[PDB]
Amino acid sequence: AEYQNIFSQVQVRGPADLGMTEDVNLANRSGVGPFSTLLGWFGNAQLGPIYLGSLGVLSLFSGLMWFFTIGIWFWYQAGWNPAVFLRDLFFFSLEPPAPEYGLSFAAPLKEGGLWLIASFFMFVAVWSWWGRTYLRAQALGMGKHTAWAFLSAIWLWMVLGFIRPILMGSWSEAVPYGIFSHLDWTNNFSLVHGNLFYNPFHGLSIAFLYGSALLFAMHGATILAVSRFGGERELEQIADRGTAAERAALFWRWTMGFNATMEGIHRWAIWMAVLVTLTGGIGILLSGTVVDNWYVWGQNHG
């Protein structure tokens, strides 16, 4: 066996690394967490520090509130019985208001009110988490790519739980909080819209989802294949092309007739991924607002 570089043969530790400072407010960083030797076979061994300023606390607080609101409902459905709680965990479900409440807050707690409370908490958890994504990059002087990409995922989420429900005139359209119930909702969504396999945005979203696995398999394997020339030091390969970056390009040029650069592969990357949820949100948002049945729409539209 050549060694394959999937796991490290030797770990090496030094002083806890407290990171770069730039414009970060340091009063907001924890200290370092412990070191995981377990993790260190595969990635970095070090845990933390983490930064938690105000927006981070806010986000984490609603996040947990969203989670606890759901879990209290679950416990209730379980009749406060721990054994029934574990037995039926995947079956419980926090459902939105029935259609007749429309977009209002008039519905009872036990029949939608709670769903709206949990959703409110989710809304602020995520958008504050987005803000934090933008802010931690700014403090460090970095591009805003992470936040722009996160926004593509937030787009699908918004469409599912907020924008499409509002356009359709009721909260009853949104996704319930439960393990099995959300799968049921997904299957139902497709049946009721005459089979999402005919939504061309759905087909596109799939091509990107498969394409992301294709591309990360390609890229992950490529970088490991040239890691014996320092391939994974991609920033310095961008600044000053090495043999790693040349052998990687040429593997692809010789295989399929064209290739990327060390920087440009990351642009192929971010876009293959982001287009999953972008075309996805479009396909969902059109469903039942403009197109009631995709099989039908497809008969009229190539």
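One-based numbering along the sequence shown.
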Query raised in the report: 94 to 102 versus 153 to 161: which one carries the higher mean Cα B factor per the record?
Result: 94 to 102
Query raised in the report: Looking only at CA atoms, which has the higher mean B factor in the entry: 167 to 175 or 227 to 235?
Result: 167 to 175
Requested in this report: Among 65, 260, 270, 276, single out the one with the highest C-alpha B factor in the record, please.
Outcome: 65
Report summary line: Reading the B-factor column for Cα atoms of 142, 78, 214, 206, the highest value belongs to 78
**Report entry** Chain-wide C-alpha B factor ranking for residue 220, given as lowest, middle or highest third
**Finding:** lowest
Report task. Would you please rank residue 59 by its C-alpha temperature factor against the other modelled residues of its chain and give the third it falls in: lowest, middle or highest? Result -> highest
Query - Chain-relative CA temperature factor third for residue 210 - result: lowest
Requested in this report: Going by the recorded CA B-factors, say which third of the chain residue 200 sits in, lowest, middle or highest.
Outcome: lowest
Report task. Grab the CA temperature factor for residue 185 from the record and place it in the lowest, middle or highest third of its chain. Result -> lowest
